[PDB]
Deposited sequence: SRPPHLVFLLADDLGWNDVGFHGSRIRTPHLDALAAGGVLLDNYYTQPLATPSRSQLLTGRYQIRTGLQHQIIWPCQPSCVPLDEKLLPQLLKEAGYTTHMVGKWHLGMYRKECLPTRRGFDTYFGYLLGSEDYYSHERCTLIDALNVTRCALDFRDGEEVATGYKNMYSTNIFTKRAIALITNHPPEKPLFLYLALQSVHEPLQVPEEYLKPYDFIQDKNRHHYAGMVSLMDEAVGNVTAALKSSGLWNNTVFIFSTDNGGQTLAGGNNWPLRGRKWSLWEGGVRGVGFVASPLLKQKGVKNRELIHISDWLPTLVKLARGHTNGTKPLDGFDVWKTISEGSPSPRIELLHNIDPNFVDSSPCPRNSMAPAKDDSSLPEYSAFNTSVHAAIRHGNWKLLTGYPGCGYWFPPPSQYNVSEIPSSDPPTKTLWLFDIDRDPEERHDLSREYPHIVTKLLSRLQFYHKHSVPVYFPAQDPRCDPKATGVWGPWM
């Protein structure tokens, strides 16, 4: 046999209750089918934000190793994933694969060296920043030092400015590109396609026809969001259909995953899980994910083994019969036997994150419990500091309340949950199991001892895109 084609489709801001297979009122026919015929990842985790998840996805290493613990990489920040990190596509490339990427990058772009084309991907088409207009592909940000809001194009074909795509919805553009890559792929060479869609991140834009099926949803945001998810579902359908028509499917491993929990402020939903995007509650880190592939030993099963987004690197590299030589110490594991055969996971522990300067920007013992952090070990999860907005946000069309609060007093800074038996984080057990709290605090301090300093530089006004009307490198 030849190494399988590895296709990774990463959705943006897809919430736990935003797929039909989780009881969502949003219709996701294709995702449901693909999940039903494959392996549903029920104990799978990502990070609570964009840059965090994507950096861990491509480096297979925690943010405490890369200095990306705090928030994300904003447009004018002179920062990227450290240049000494070896990315997944580089390793797959050395395994004899043809690497392609389509979509959102968000891993740095202030220097040419930070670009996907200079980090492992043979070809690239998409946008560099974290968000933009679906149709114009433009992004506006406030350049502090100048006190002006600059709007500029952020679209690329290779390293060139991708002009002439105005008034064209990004998902259709990206799907068409991916399908062209699938159709025109020269057989005998393994394919690696990383499809990082804009869907379903805000702005809440969708072609008007996807709105009618959801007239029952009164909430404006969820109404528009539902249509966005449905369109994305259709796009996912086209991609898989193409892998089949092209005859690549029989030796393809298709992985679908969200990059973080839904943002209720932007129509997303995580019910019945607690929290949302930006927080370390389950609603922000436990994500929608599944593997669809004829290579799976067991199909049509819900896998409850502990997996994290950082596990994909060593997993795809092994599937690619390659080697992880060249990378710095990895924080993930090869979980293919776990996903395919359902065997005990190699991972029993997961550090969610440690951020000393965490702030909830969105509208809502050896270890210092005032520091925002969370760790999962076995069935237990410990959260310290301010985890983020801790309300449960029920689905709008089913509940006449926007949020449900907990009984936590304002001064609370420690939580212990048995996630296995209490996935909705309803009952704190910290006082009931003091020794487990102590154990996890020691682990938190262990990780803290092996962390690099947080690198969150101030804006560099020289990011100003006015001269060329396009966001891009400046250093």
Chain regions without C-alpha coordinates, deposited sequence numbering: 365 to 381
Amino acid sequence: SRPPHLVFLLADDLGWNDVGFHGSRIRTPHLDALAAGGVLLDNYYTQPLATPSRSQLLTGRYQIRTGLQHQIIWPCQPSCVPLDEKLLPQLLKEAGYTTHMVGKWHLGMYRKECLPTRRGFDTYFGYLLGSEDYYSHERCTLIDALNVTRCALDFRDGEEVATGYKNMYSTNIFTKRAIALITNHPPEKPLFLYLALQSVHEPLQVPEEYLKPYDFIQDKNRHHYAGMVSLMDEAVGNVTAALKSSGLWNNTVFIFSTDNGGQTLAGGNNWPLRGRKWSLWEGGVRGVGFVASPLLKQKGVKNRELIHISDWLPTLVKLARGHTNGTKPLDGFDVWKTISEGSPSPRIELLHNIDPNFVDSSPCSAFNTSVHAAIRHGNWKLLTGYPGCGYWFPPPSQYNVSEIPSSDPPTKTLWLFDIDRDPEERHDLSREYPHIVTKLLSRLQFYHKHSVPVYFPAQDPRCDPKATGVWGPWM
From here on, numbers count along this sequence of modelled residues.
Take the C-alpha B-factors listed in the entry for 279 to 287 and for 394 to 402, compute each mean, and give the stretch with the larger one. 394 to 402
Could you settle it for me: does 173 to 181 or 101 to 109 have the higher average Cα B factor in the PDB entry? 173 to 181
Looking at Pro410, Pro423, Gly67, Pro48, which has the highest CA B-factor as recorded? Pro410
Report the option among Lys449, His435, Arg54, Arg61 whose CA atom has the maximum B-factor in the deposited record. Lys449
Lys166: which third of its chain by C-alpha temperature factor? highest
Ranked against its chain, the third holding the CA B-factor of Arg27: highest
Hey, what third does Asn379 fall into on Cα B-factor, ranked over its chain? lowest
Please rank the C-alpha B-factors of the chain's modelled residues and tell me whether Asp355 sits in the lowest, middle or highest third. middle
Taking only the Cα B-factors deposited for this chain, tell me whether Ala467 sits in the lowest, middle or highest third. highest
